[PDB]
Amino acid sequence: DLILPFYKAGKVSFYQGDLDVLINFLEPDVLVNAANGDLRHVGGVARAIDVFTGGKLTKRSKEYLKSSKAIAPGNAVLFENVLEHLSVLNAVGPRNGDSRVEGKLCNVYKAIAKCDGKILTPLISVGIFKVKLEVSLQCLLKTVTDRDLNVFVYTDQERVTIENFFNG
């Protein structure tokens, strides 16, 4: 109620604050990570998420990668209870100029959609992966059509660009 998304489109809400406050206020069950393929969270949003978990995310990721194949853009694996009652799914998105940049992204959002509970997710493969926002948003917006979802908006730019993208 008393922290309001700066924009709501359908069942989808957009919040730009810092991660602690938001996660604390929204009480999500799954937090989505804009992930590597090899789960190295060295900057951007995945860095934040990791710190947020006191690095427990990284810890789990390494282990994960010693009995499991790296992650193909277009997919996601969920780590349950990374912190108590908080799960992270690492969704790897496409880098700008792979094949089916679009159909990959879509699957990601599709995976994100199937998760149970309240979700908070950054906009996918839109940072150092360099896919333009219009596309990711468009994918997400198009793919997850009937589900409450909370997009974490990570920077002032992400914000402006999202503003434009809703020009009515």
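Each residue number is its position in the shown sequence, starting from 1.
Comparing the deposited coordinates for 26-34 and 139-147, the stretch with the larger average C-alpha B-factor is 139-147. Annotation for 92-100 versus 79-87: the higher mean temperature factor (C-alpha) is found in 92-100. Ranked by Cα temperature factor within the chain, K66 sits in the middle third according to the deposited record. Placement of the Cα temperature factor of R60 within the chain: lowest third of the modelled residues, per the deposited record. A113: CA B factor in the middle third of modelled residues in this chain (values from the PDB entry).
Sort the modelled residues of the chain by CA B factor and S125 lands in the middle third. In the PDB entry, a CA B factor belonging to the highest third of its chain's modelled residues is recorded for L133.
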